[PDB]
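Read the structure below first, then the notes.
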Amino acid sequence: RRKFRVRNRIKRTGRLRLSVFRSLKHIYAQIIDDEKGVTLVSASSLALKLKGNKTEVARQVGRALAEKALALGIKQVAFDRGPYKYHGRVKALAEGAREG
Amino acid sequence: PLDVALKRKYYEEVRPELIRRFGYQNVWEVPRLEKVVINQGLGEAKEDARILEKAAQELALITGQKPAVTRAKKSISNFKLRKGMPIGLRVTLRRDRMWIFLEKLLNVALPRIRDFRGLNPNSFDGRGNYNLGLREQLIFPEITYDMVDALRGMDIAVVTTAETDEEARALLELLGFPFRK
Amino acid sequence: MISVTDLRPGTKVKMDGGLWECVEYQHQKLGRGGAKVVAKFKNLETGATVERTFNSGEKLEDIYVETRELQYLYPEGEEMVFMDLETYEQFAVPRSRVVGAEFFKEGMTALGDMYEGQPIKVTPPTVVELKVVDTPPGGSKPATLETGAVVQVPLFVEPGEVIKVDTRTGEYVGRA
Amino acid sequence: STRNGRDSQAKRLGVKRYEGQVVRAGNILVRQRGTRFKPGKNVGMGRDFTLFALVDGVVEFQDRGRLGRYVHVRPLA
Amino acid sequence: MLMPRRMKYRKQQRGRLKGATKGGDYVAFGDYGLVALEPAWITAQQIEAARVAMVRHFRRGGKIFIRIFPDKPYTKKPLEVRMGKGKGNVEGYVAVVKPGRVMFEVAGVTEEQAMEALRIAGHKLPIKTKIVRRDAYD
Amino acid sequence: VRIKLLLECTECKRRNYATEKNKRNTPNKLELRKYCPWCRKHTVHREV
Amino acid sequence: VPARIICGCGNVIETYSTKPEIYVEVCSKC
RNA sequence: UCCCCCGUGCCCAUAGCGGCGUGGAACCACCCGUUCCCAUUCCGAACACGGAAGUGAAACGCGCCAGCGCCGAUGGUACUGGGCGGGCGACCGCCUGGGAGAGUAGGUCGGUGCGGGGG
RNA sequence: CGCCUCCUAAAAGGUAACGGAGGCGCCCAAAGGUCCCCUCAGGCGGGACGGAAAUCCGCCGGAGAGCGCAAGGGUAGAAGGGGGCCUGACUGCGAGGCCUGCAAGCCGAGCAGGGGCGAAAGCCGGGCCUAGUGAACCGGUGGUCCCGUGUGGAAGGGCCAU
RNA sequence: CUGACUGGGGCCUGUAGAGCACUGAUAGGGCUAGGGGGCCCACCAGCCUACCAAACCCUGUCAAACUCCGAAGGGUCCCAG
RNA sequence: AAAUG
RNA sequence: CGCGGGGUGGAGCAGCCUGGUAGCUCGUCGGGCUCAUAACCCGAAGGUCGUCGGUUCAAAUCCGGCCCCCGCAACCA
Ligand SMILES: [Mg+2]
Ligand SMILES: [Mg+2]
Ligand SMILES: [Mg+2]
Ligand SMILES: [Mg+2]
Ligand SMILES: [Mg+2]
Ligand SMILES: [Mg+2]
Ligand SMILES: [Mg+2]
Ligand SMILES: [Mg+2]
Ligand SMILES: [Mg+2]
Ligand SMILES: [Mg+2]
Ligand SMILES: [Mg+2]
Ligand SMILES: [Mg+2]
Ligand SMILES: [Mg+2]
Ligand SMILES: [Mg+2]
Ligand SMILES: [Mg+2]
Ligand SMILES: [Mg+2]
Ligand SMILES: [Mg+2]
Ligand SMILES: [Mg+2]
Ligand SMILES: [Mg+2]
Ligand SMILES: [Mg+2]
Ligand SMILES: [Mg+2]
Ligand SMILES: [Mg+2]
Ligand SMILES: [Mg+2]
Ligand SMILES: [Mg+2]
Ligand SMILES: [Mg+2]
Ligand SMILES: [Mg+2]
Ligand SMILES: [Mg+2]
Ligand SMILES: [Mg+2]
Ligand SMILES: [Mg+2]
Ligand SMILES: [Mg+2]
Ligand SMILES: [Mg+2]
Ligand SMILES: [Mg+2]
Ligand SMILES: [Mg+2]
Ligand SMILES: [Mg+2]
Ligand SMILES: [Mg+2]
Ligand SMILES: [Mg+2]
Ligand SMILES: [Mg+2]
Ligand SMILES: [Mg+2]
Ligand SMILES: [Mg+2]
Ligand SMILES: [Mg+2]
Ligand SMILES: [Mg+2]
Ligand SMILES: [Mg+2]
Ligand SMILES: [Mg+2]
Ligand SMILES: [Mg+2]
Ligand SMILES: [Mg+2]
């Protein structure tokens, strides 16, 4: 009675999640701060228009979330995405000293 | 190969009927084919070194998809072989592999089956899917009598997005499935 | 070192440097004295027996003489070799410790009393199949079996004919 | 002449620091076999399922419905 | 003879027969019942004799309802042994009864007969009893 | 146990040990793995 | 690869599988 | 702020099963492809990439209905901390404080924070 | 007759009896790390040989499956199943606690060295957890260089390890 | 001045009681495999049965080692006497 | 060698 | 009331620790040798493994409760 378990998150112990979403056409990503239930930083894909590769599009929204982030105190986070499978769509964005 | 004799027939000869037949509204909503499975129990992973791969390169020789070697889940004293590895062979057909298969089956296969007076009409039942068995494996073209040390029956299960039997029935029927009627 | 009050027929133990196996055991506590254990034993290799008695205390010294099933392979020297159809180890048993080593067969399955990985008793089954390769087509005549041993058999039993022979009496118990 | 008369030396299980009690980093807060209680904020648990403080603070027992029961430790703020 | 066909444990402790009656204090199956006035352990030995003199009185008649069942083991060390060495052997089973429980109830039989049969059934039980009707039970 | 057996590990030509427990019969017939020696750091390690 | 079904009951079948050299001694003619 | 949607967390079934009905502009999905990254003990089913003809049928969001599920009093009992009586026991009752579980009346086909997109 | 589990045990802990009822003296080089995947038992159909469960397909099924072994607590938002690399079944340490008459037994964050897995966050100083055990003495094996009966060196000890 | 004891809060619990949701126990009834018997040739099914009887379904109950529930109390920390 | 009716 | 061992083809015994195997002798029925019967020779059939539970993938076997079985004890007063 549950398709995919996900919970690669849930295994989130170290504050500040880089919650990602793999939409068929776009990609959104927010820097959520649980233990507060508040989202501190966003930066979506086509909800900002941007290019037309998909992955090269991710790269962008990545650098877009980082820059935005930094200038807020952020600089250290933890990646995520449920079925993240951490592949293709990866946004190994510059800035954001969260490493990896 | 993206298209076949039967595939077309489905789209431009069956698609129409069913709609006109049960009167569907949405495009999708009308019976399509999901997948057709063909497995073999063999149960012959006993002594003498049960290679029985020939049956795997063959199952797939007529399919074009190396099969997946299933194993026993539990373990049974009663009929030797138990706990693991032993027997099991099965391949899942989808898309074009699905079509270029059913064709032969329906055109050349089912035809030569000892007696075969159609396909038992009860094997549906509540199943928006169908099931049927074969004794031989030479019923197919890609394989001849000579090359095949031993016999090898198998089960063929066609899954359908159909919810009813009539829906399933008609479809496989407009496709070419003969019927013990 | 198990005591006696804790024996049971079948228990194997080491007494007088030898190997036995309690086959009779009866706790005895008459009068108000201390209890006593009165048993009867059997050597594992020789048949010799010996009933004895012990007090409640006295410990004995259990042994581990389990009986796996071995298997004949081939002769060699004045010995013959078997194998535990289990762990396939190799045992070179000296003709003496192989009961009815003759009337056997290079390939037959028999039994051995493994005592520290070395059989001290190798018995075949009460009767085994063997091909007589001798005897005059001439009644109760002698017949050399494939294992070189000779046995008394009836008439009809002629060269090449495989028969049965009780490995305890080496007597013809019928044909194959 | 019986066949019983055995048992095992009691083990003294259970919560060993209740809600609102001040601890120090290290204090084992709970001793238990299964996971009757689960780790929380600043509350790692051990091999034997023994929850223990991770920082000097207080203990809180969050009951999470069908999600189980938690024991956190809100450090001294 | 009327003892569980199976059990998870053979010997069971004794407990204590306080008041109340967890349940079964109203008829529900018949015309006249046989409520128990005091606590006790009814032995299968008994129940039978009650069910028996019952049928026998109104030979070939209505049906009987046995709303109590002997499931509690009863121990009794061998005769003339001193204390110790374990909990004695089992010898039958009891059925725990507290004031109020309706042990019996019949029907299909007239009211004239009921009062008599049950009146008898009571002289077969170790406790005091009272025969009831059937009314504000619904 | 017997089929079990105790054993340690030697740094390859020298001292130190780990002392684990092989298991005869089953995966046995010798066995070595990688482990850290009191001296210097990490190497293979054989039984004996 | 495509193929050809050369029965005996006339009727040839152009499709796909392996080895377009098929002597289907009996197509759908019964 | 106000609704529609997408994310995410919280309460933890008054949030569910089952029916019935809805939405495709946008979203989201199925969907269309499999050259590429990555792929299935055999299947692009699933993961993955490139796309957008079509659809909202599936799945999901939102409604509605209460058959099932879950929630559930107020009354009154059980039992009981402390005090005190009764029988020969059997066990039963009185006072003062706490007070269930069943059962009944009834209740619910969710409430909800933060960030995004949208009129 | 020691150890584990359940009850008795009276809703903290603890608690007796020749009270009720069962287990252990082991085991895994994968049944251990880590990373990524997968979800069960049963039930109704449906199917060649095929029991009543061999293998396959469809629903229905929150856990009744499983978790090497007793029972218990635990657990599918894995502790279960599968696969790839690996060996942290690390060495120097160990704040702070549990339990406790002593002796023991148990948990343990963090630091150093040097590694394994992971993109990373991190995780790893055995095993879902409670049994699988034995103080000192006396000796044995390696190591070490500490003492080495006037000196040097041995003899013999010591320390670490087993 | 922290004590025994008490007041107010917070946590931990699975007993009395009660309750069948699991573990099993269980009276009758229903529906129903399964056996027993009769209808009858073996064409192997079809049917009936004031019998023995699984599942499930109600209606009734039982349990130290059962618990969907569950008090009174008890334990401990905190602040006060 | 080899019993009995 | 305990103490240990035993219930396997018709009879008497193996097999049980070391779970996957029914072993033996006599008997029985069939067939030969004899005029015939023995003997003798040829060949065959036959075991819910005392029952009721549990453990296991599986049990005669391992585990428990009963039922019969055989033998041993019951002392100081
Ligand atoms: Mg004791
Ligand atoms: Mg005791
Ligand atoms: Mg105790
Ligand atoms: Mg205990
Ligand atoms: Mg009595
Ligand atoms: Mg006495
Ligand atoms: Mg009234
Ligand atoms: Mg619509
Ligand atoms: Mg390309
Ligand atoms: Mg590749
Ligand atoms: Mg839809
Ligand atoms: Mg209520
Ligand atoms: Mg009230
Ligand atoms: Mg009182
Ligand atoms: Mg209430
Ligand atoms: Mg001790
Ligand atoms: Mg308790
Ligand atoms: Mg207690
Ligand atoms: Mg299933
Ligand atoms: Mg089936
Ligand atoms: Mg089968
Ligand atoms: Mg089947
Ligand atoms: Mg099944
Ligand atoms: Mg691995
Ligand atoms: Mg320390
Ligand atoms: Mg310390
Ligand atoms: Mg100490
Ligand atoms: Mg362990
Ligand atoms: Mg593991
Ligand atoms: Mg000394
Ligand atoms: Mg020494
Ligand atoms: Mg030395
Ligand atoms: Mg010196
Ligand atoms: Mg001197
Ligand atoms: Mg000198
Ligand atoms: Mg000197
Ligand atoms: Mg010199
Ligand atoms: Mg030295
Ligand atoms: Mg003061
Ligand atoms: Mg009670
Ligand atoms: Mg209780
Ligand atoms: Mg208490
Ligand atoms: Mg308090
Ligand atoms: Mg004060
Ligand atoms: Mg005869």
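Identifiers in this document derive from the order of the structure tokens: chains are assigned A, B, ..., residues are numbered from 1 separately in each chain, and ligands are numbered from 1 in order of occurrence.
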
Show me which residues sit within 10 Å of ligand 32 when counting only C-alpha atoms (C1' of nucleotides) and all ligand atoms, and put them as a PDB file with N, CA, C and O atoms (P, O5', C5', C4', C3', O3' and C1' of nucleotides), in the first residue's frame.
ATOM      1  P     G I 139      54.914 -20.567  36.476  1.00  0.00           P
ATOM      2  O5'   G I 139      54.937 -21.707  35.377  1.00  0.00           O
ATOM      3  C5'   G I 139      55.068 -21.385  34.022  1.00  0.00           C
ATOM      4  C4'   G I 139      54.369 -22.409  33.191  1.00  0.00           C
ATOM      5  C3'   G I 139      54.392 -22.053  31.729  1.00  0.00           C
ATOM      6  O3'   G I 139      55.615 -22.491  31.192  1.00  0.00           O
ATOM      7  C1'   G I 139      52.187 -22.585  32.359  1.00  0.00           C
ATOM      8  P     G I 140      56.387 -21.563  30.154  1.00  0.00           P
ATOM      9  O5'   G I 140      55.609 -21.901  28.809  1.00  0.00           O
ATOM     10  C5'   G I 140      55.253 -23.253  28.512  1.00  0.00           C
ATOM     11  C4'   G I 140      54.410 -23.313  27.269  1.00  0.00           C
ATOM     12  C3'   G I 140      54.852 -22.361  26.180  1.00  0.00           C
ATOM     13  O3'   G I 140      55.954 -22.914  25.478  1.00  0.00           O
ATOM     14  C1'   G I 140      52.495 -22.228  26.447  1.00  0.00           C
ATOM     15  P     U I 141      56.829 -21.989  24.496  1.00  0.00           P
ATOM     16  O5'   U I 141      55.905 -21.924  23.200  1.00  0.00           O
ATOM     17  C5'   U I 141      56.234 -21.081  22.125  1.00  0.00           C
ATOM     18  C4'   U I 141      54.997 -20.696  21.362  1.00  0.00           C
ATOM     19  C3'   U I 141      55.152 -19.344  20.692  1.00  0.00           C
ATOM     20  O3'   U I 141      55.849 -19.455  19.459  1.00  0.00           O
ATOM     21  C1'   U I 141      53.150 -19.364  21.947  1.00  0.00           C
ATOM     22  P     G I 142      57.422 -19.130  19.424  1.00  0.00           P
ATOM     23  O5'   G I 142      57.526 -17.675  20.056  1.00  0.00           O
ATOM     24  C5'   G I 142      57.779 -16.541  19.242  1.00  0.00           C
ATOM     25  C4'   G I 142      56.535 -16.150  18.462  1.00  0.00           C
ATOM     26  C3'   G I 142      56.504 -14.665  18.156  1.00  0.00           C
ATOM     27  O3'   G I 142      57.190 -14.410  16.944  1.00  0.00           O
ATOM     28  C1'   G I 142      54.500 -15.280  19.255  1.00  0.00           C
ATOM     29  P     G I 157      61.109 -17.955  32.599  1.00  0.00           P
ATOM     30  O5'   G I 157      60.839 -16.870  33.729  1.00  0.00           O
ATOM     31  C5'   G I 157      59.964 -15.778  33.487  1.00  0.00           C
ATOM     32  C4'   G I 157      60.285 -14.623  34.405  1.00  0.00           C
ATOM     33  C3'   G I 157      59.505 -13.370  34.079  1.00  0.00           C
ATOM     34  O3'   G I 157      58.256 -13.419  34.733  1.00  0.00           O
ATOM     35  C1'   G I 157      61.789 -12.853  34.074  1.00  0.00           C
TER      36        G I 157
END

Check every protein, DNA and RNA residue against ligand 1, keep those with an atom at most 10 Å away (counting only C-alpha atoms (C1' of nucleotides) and all ligand atoms), and present them as an MDAnalysis selection string. (chainID D and resid 2 4:7) or (chainID I and resid 1 16:19)

Mind dumping the selected residues with C-alpha atoms (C1' of nucleotides) as a PDB file, in the first residue's frame?
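Output contents, as saved in selection_31.pdb:
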ATOM      1  CA  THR D   2      10.073 -30.940  38.410  1.00  0.00           C
ATOM      2  CA  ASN D   4      11.340 -26.111  35.617  1.00  0.00           C
ATOM      3  CA  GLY D   5      12.519 -23.681  38.247  1.00  0.00           C
ATOM      4  CA  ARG D   6      14.447 -21.445  35.884  1.00  0.00           C
ATOM      5  CA  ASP D   7      14.500 -17.796  34.867  1.00  0.00           C
TER       6      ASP D   7
ATOM      7  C1'   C I   1      22.989 -26.147  40.822  1.00  0.00           C
ATOM      8  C1'   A I  16      10.206 -16.258  46.835  1.00  0.00           C
ATOM      9  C1'   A I  17       8.655 -21.633  46.376  1.00  0.00           C
ATOM     10  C1'   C I  18      11.212 -29.349  45.020  1.00  0.00           C
ATOM     11  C1'   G I  19       5.473 -22.686  41.596  1.00  0.00           C
TER      12        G I  19
END

Test item: residues lying within 9 Å of ligand 22 with only C-alpha atoms (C1' of nucleotides) and all ligand atoms, as a VMD selection string: chain I and resid 47 50 to 51 53 to 54

Give the residue list for ligand 5 at 10 Å, counting only C-alpha atoms (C1' of nucleotides) and all ligand atoms, as a VMD selection string, sorted by chain and then by residue number. chain E and resid 40 to 43 74 to 76 92 to 94 126

Do you know which residues are within 10 Å of ligand 35 using only C-alpha atoms (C1' of nucleotides) and all ligand atoms? Can you write them as an NGL selection string? :I and (149-151)

Please identify all protein, DNA and RNA residues within 12 Å of ligand 44, counting only C-alpha atoms (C1' of nucleotides) and all ligand atoms, and report them as a ChimeraX atom specification. /J:1-3,6-7,78-81

Neighbouring residues of region 27-42 of chain B were defined as those with any atom within 8 Å, considering only C-alpha atoms (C1' of nucleotides); residues of the same chain fewer than 6 positions away were excluded. Please report them as a VMD selection string. (chain B and resid 15 18 to 19 87 to 95 98 152 to 162 167 to 168 171) or (chain H and resid 55 57) or (chain I and resid 54 to 57)
